[PDB]
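One file, protein.cif, is given below (mmCIF, C-alpha atoms).
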```
data_upload
#
loop_
_atom_site.label_atom_id
_atom_site.label_comp_id
_atom_site.auth_asym_id
_atom_site.auth_seq_id
_atom_site.Cartn_x
_atom_site.Cartn_y
_atom_site.Cartn_z
CA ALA A 1 25.90 -20.07 -48.85
CA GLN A 2 26.80 -23.69 -49.51
CA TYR A 3 30.53 -23.03 -50.00
CA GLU A 4 32.00 -20.48 -47.58
CA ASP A 5 35.41 -18.93 -47.08
CA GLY A 6 36.49 -20.10 -43.64
CA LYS A 7 34.43 -23.28 -43.84
CA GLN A 8 35.35 -25.75 -46.61
CA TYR A 9 38.29 -23.59 -47.75
CA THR A 10 40.34 -20.54 -46.84
CA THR A 11 41.87 -17.80 -48.96
CA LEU A 12 45.61 -17.06 -49.14
CA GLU A 13 46.38 -13.51 -47.99
CA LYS A 14 49.12 -13.68 -50.58
CA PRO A 15 48.04 -15.34 -53.85
CA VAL A 16 50.69 -17.31 -55.75
CA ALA A 17 51.45 -16.20 -59.28
CA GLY A 18 51.59 -18.97 -61.88
CA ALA A 19 50.73 -21.78 -59.48
CA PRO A 20 49.56 -25.23 -60.70
CA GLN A 21 45.74 -25.27 -61.00
CA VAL A 22 45.38 -27.96 -58.31
CA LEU A 23 48.36 -28.45 -56.06
CA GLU A 24 48.63 -31.16 -53.40
CA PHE A 25 51.44 -31.51 -50.80
CA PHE A 26 52.18 -34.73 -48.95
CA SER A 27 54.84 -36.83 -47.28
CA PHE A 28 55.36 -40.57 -47.50
CA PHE A 29 56.15 -40.22 -43.75
CA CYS A 30 52.78 -38.58 -43.04
CA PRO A 31 50.18 -40.96 -41.47
CA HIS A 32 47.23 -38.71 -42.41
CA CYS A 33 48.75 -38.62 -45.93
CA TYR A 34 48.70 -42.43 -45.99
CA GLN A 35 45.01 -42.28 -45.09
CA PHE A 36 44.34 -39.60 -47.72
CA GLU A 37 45.95 -41.56 -50.53
CA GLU A 38 45.57 -45.26 -49.72
CA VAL A 39 42.24 -45.35 -47.85
CA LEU A 40 40.33 -42.22 -48.80
CA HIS A 41 41.82 -41.91 -52.31
CA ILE A 42 41.45 -38.11 -52.17
CA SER A 43 43.68 -37.39 -55.20
CA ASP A 44 41.76 -39.77 -57.44
CA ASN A 45 38.33 -38.57 -56.26
CA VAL A 46 39.35 -34.97 -56.85
CA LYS A 47 40.56 -35.93 -60.34
CA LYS A 48 37.27 -37.61 -61.32
CA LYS A 49 35.48 -34.31 -60.81
CA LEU A 50 37.92 -31.74 -62.20
CA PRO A 51 36.72 -29.73 -65.22
CA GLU A 52 38.19 -30.47 -68.63
CA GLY A 53 41.69 -29.09 -68.96
CA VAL A 54 42.58 -28.84 -65.29
CA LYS A 55 45.87 -30.53 -64.36
CA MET A 56 46.46 -31.92 -60.86
CA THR A 57 49.94 -31.52 -59.42
CA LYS A 58 51.32 -33.38 -56.42
CA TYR A 59 54.51 -32.46 -54.51
CA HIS A 60 56.45 -34.16 -51.70
CA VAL A 61 57.75 -32.22 -48.68
CA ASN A 62 61.04 -32.38 -46.80
CA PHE A 63 60.09 -31.57 -43.25
CA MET A 64 59.18 -35.06 -42.06
CA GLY A 65 61.75 -37.78 -41.57
CA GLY A 66 65.05 -35.95 -41.76
CA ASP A 67 67.50 -37.36 -44.26
CA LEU A 68 65.08 -40.03 -45.54
CA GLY A 69 62.39 -37.41 -45.95
CA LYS A 70 64.62 -35.47 -48.33
CA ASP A 71 65.59 -38.69 -50.12
CA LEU A 72 61.86 -39.23 -50.65
CA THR A 73 61.39 -35.74 -52.07
CA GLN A 74 64.26 -36.47 -54.47
CA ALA A 75 62.76 -39.85 -55.39
CA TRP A 76 59.37 -38.22 -55.98
CA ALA A 77 61.18 -35.83 -58.33
CA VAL A 78 62.56 -38.91 -60.13
CA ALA A 79 59.04 -40.36 -60.34
CA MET A 80 57.75 -37.12 -61.88
CA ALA A 81 60.66 -36.88 -64.33
CA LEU A 82 60.17 -40.47 -65.42
CA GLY A 83 56.37 -40.28 -65.29
CA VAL A 84 55.99 -43.32 -63.04
CA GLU A 85 54.03 -41.79 -60.14
CA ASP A 86 51.25 -44.39 -60.50
CA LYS A 87 53.67 -47.25 -60.20
CA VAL A 88 55.54 -46.11 -57.14
CA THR A 89 53.04 -44.23 -54.96
CA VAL A 90 51.52 -47.27 -53.26
CA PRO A 91 54.75 -49.22 -52.71
CA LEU A 92 56.48 -46.09 -51.32
CA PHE A 93 53.63 -45.41 -48.84
CA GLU A 94 53.55 -49.07 -47.82
CA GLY A 95 57.32 -49.34 -47.65
CA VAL A 96 57.63 -46.34 -45.36
CA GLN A 97 54.53 -46.82 -43.20
CA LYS A 98 53.14 -50.35 -43.48
CA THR A 99 56.10 -52.72 -43.79
CA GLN A 100 58.63 -50.03 -42.74
CA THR A 101 61.17 -51.68 -45.03
CA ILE A 102 62.21 -48.28 -46.42
CA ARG A 103 64.96 -46.98 -44.19
CA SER A 104 67.52 -45.69 -46.70
CA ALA A 105 67.88 -44.18 -50.17
CA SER A 106 68.86 -47.62 -51.42
CA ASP A 107 65.58 -49.03 -50.10
CA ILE A 108 63.69 -46.34 -52.02
CA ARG A 109 65.54 -47.23 -55.21
CA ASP A 110 64.63 -50.89 -54.65
CA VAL A 111 60.96 -49.94 -54.96
CA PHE A 112 61.60 -48.40 -58.37
CA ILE A 113 63.69 -51.40 -59.54
CA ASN A 114 60.90 -53.73 -58.40
CA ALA A 115 58.29 -51.70 -60.26
CA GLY A 116 60.18 -52.12 -63.51
CA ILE A 117 62.36 -49.01 -63.67
CA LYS A 118 65.85 -49.91 -64.93
CA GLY A 119 68.62 -49.15 -62.45
CA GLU A 120 70.57 -47.19 -65.06
CA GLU A 121 67.44 -45.18 -65.74
CA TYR A 122 66.77 -44.46 -62.03
CA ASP A 123 70.38 -43.51 -61.29
CA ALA A 124 70.71 -41.11 -64.22
CA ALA A 125 67.47 -39.37 -63.14
CA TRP A 126 68.51 -39.37 -59.45
CA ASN A 127 71.78 -37.57 -60.27
CA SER A 128 70.33 -35.22 -62.93
CA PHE A 129 69.93 -31.44 -62.74
CA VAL A 130 66.40 -31.89 -64.10
CA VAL A 131 65.66 -33.72 -60.82
CA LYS A 132 67.55 -31.13 -58.72
CA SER A 133 65.35 -28.37 -60.16
CA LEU A 134 62.23 -30.50 -59.58
CA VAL A 135 63.31 -30.81 -55.93
CA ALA A 136 63.77 -27.03 -55.89
CA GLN A 137 60.30 -26.47 -57.41
CA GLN A 138 58.60 -28.55 -54.72
CA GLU A 139 60.47 -26.63 -52.00
CA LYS A 140 59.62 -23.34 -53.77
CA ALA A 141 55.94 -24.19 -53.94
CA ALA A 142 55.86 -24.95 -50.22
CA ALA A 143 57.39 -21.57 -49.44
CA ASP A 144 54.92 -19.84 -51.79
CA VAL A 145 51.74 -21.16 -50.07
CA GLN A 146 53.70 -20.71 -46.78
CA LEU A 147 53.00 -24.36 -46.03
CA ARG A 148 52.73 -25.44 -42.38
CA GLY A 149 51.52 -29.04 -42.58
CA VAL A 150 50.47 -31.94 -44.79
CA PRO A 151 48.28 -33.14 -46.40
CA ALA A 152 47.32 -29.84 -48.03
CA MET A 153 45.74 -28.79 -51.28
CA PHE A 154 45.68 -25.39 -52.92
CA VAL A 155 43.59 -24.29 -55.90
CA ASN A 156 44.77 -21.72 -58.51
CA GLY A 157 47.31 -20.48 -55.98
CA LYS A 158 44.51 -18.65 -54.16
CA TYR A 159 42.48 -21.11 -52.11
CA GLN A 160 43.43 -23.66 -49.47
CA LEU A 161 41.26 -26.72 -48.82
CA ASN A 162 40.02 -26.77 -45.19
CA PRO A 163 39.02 -30.38 -44.44
CA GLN A 164 38.51 -29.56 -40.74
CA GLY A 165 35.45 -27.52 -41.76
CA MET A 166 33.81 -30.47 -43.54
CA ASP A 167 31.87 -33.39 -42.03
CA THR A 168 34.01 -36.23 -40.70
CA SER A 169 31.38 -38.89 -39.88
CA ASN A 170 31.06 -40.66 -43.19
CA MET A 171 34.51 -41.04 -44.69
CA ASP A 172 32.76 -41.05 -48.05
CA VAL A 173 30.69 -37.91 -47.42
CA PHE A 174 33.95 -36.28 -46.34
CA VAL A 175 35.72 -37.41 -49.52
CA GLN A 176 32.76 -36.32 -51.66
CA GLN A 177 32.66 -32.89 -50.03
CA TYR A 178 36.44 -32.49 -50.46
CA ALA A 179 36.28 -33.43 -54.12
CA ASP A 180 33.20 -31.20 -54.66
CA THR A 181 34.91 -28.26 -52.96
CA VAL A 182 37.98 -28.50 -55.18
CA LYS A 183 35.73 -28.50 -58.26
CA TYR A 184 33.85 -25.45 -56.96
CA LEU A 185 37.11 -23.61 -56.28
CA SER A 186 38.41 -24.70 -59.66
CA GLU A 187 35.57 -22.84 -61.40
CA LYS A 188 35.78 -19.79 -59.11
#
```
For this file, produce the structure as structure tokens.
Amino acid sequence: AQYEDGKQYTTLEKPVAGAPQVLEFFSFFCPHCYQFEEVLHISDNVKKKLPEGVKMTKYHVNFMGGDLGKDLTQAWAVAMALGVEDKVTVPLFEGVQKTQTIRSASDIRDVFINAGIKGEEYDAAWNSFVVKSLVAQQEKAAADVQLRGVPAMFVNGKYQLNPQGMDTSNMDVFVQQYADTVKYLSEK
């Protein structure tokens, strides 16, 4: 057929109960993740094609960048708690990978301050238990799909996007196929 298990996607041997409908993993340290988000705009292209009433979830991962990597997971938790993902995603990617001006937790916080988040507001979130459990959720989710690398996307806790089985010539055909595959899986 057009969509085939083992081609555009694979199937988890061990389906995840109660998973987000569309779940993306990434790292601000991850160069292919920079491409995915800032050049290919995979998240946004996926979102433009999702059926009505399908929420897209995006989690950060710890395993790249050591201490800073974990700081970034915690800051992404702050972004989620405060609902400012669309104000910090680009300056965090650029700060880590383009300018490389993000070298400490303080540097991460600077990005939030600059984007209009009050310091008091950031610090209270950073130190909250709501944020600690959001960090734990992201780590939990990674264990549940037995994650081995990023970027990655899982649908309904059953299917894993397999970009290596798509065409890579046209960036845009690739992006279109990726987005189309998620929609197909979403209705499966």
Polymer residues at most 10 Å from residue 22 in chain A, all atoms listed in the file, same-chain spacing of 4 or more positions, as a list in words:
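Counting all atoms listed in the file, the residues come to residues 46, 47, 50, 54, 55, 56, 57, 58, 153, 154, 155, 156, 157, 159, 182, 183, 185 and 186 of chain A.
Reported to one decimal place, the separation of CA of residue 150 in chain A from CA of residue 2 in chain A is 25.5 Å.
Comparing A:39, A:21, A:113, A:26 by their smallest distance to residue 52 in chain A, the closest is A:21 (using only C-alpha atoms).
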Just say which residues the PyMOL selection byres ((chain A and resi 14) around 12) picks in this file, as a ChimeraX atom specification.
/A:10-13,15-17,143-146,157-160
Give me the result of the PyMOL selection byres ((chain A and resi 105) around 9) on this file, residue by residue, as an MDAnalysis selection string.
chainID A and resid 68 71:72 75 102:104 106:110
Name the residues that the PyMOL selection byres ((chain A and resi 81-97) around 8) picks from the file above, as a VMD selection string, using the file's chain letters and numbers.
chain A and resid 28 to 29 31 34 38 76 to 80 98 to 103 108 111 to 112 115 125 130 to 131
Mind checking which residues fall within 8 Å of residue 9 in chain A, counting all atoms listed in the file, ignoring those fewer than 6 positions away in the same chain, and posting them as number ranges by chain?
A: 159-163, 165, 181
Go through A:7, A:42, A:148, A:135 one by one, measure the shortest atom-to-atom distance of each to residue 64 in chain A using only C-alpha atoms, and give the residue with the smallest value.
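When distances to residue 64 in chain A are compared using only C-alpha atoms, the smallest one comes from A:148.
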For residue 151 in chain A, work out the shell of residues within 8 Å, counting all atoms listed in the file and skipping chain neighbours fewer than 5 positions away, then give it as number ranges by chain.
A: 24-27, 30, 32-33, 36
Exercise: residues within 12 Å of coordinate (36.4, -37.3, -48.9), counting all atoms listed in the file, as a ChimeraX atom specification
/A:8,35-37,39-46,161-164,166-182
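Counting from CA of residue 118 in chain A, the distance to CA of residue 74 in chain A is 17.1 Å.
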For a test of reading the model, state the distance in Å between CA of residue 121 in chain A and CA of residue 61 in chain A, rounded to one decimal.
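Rounded to one decimal, the two atoms are 23.5 Å apart.
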With 5 Å of padding per side, what axis-aligned box (centre and edge lengths, Å, one decimal) covers all the listed atoms of range 140-149 of chain A? Give it as lines of an AutoDock Vina configuration file.
```
center_x = 55.6
center_y = -24.4
center_z = -48.2
size_x = 18.1
size_y = 19.2
size_z = 21.6
```
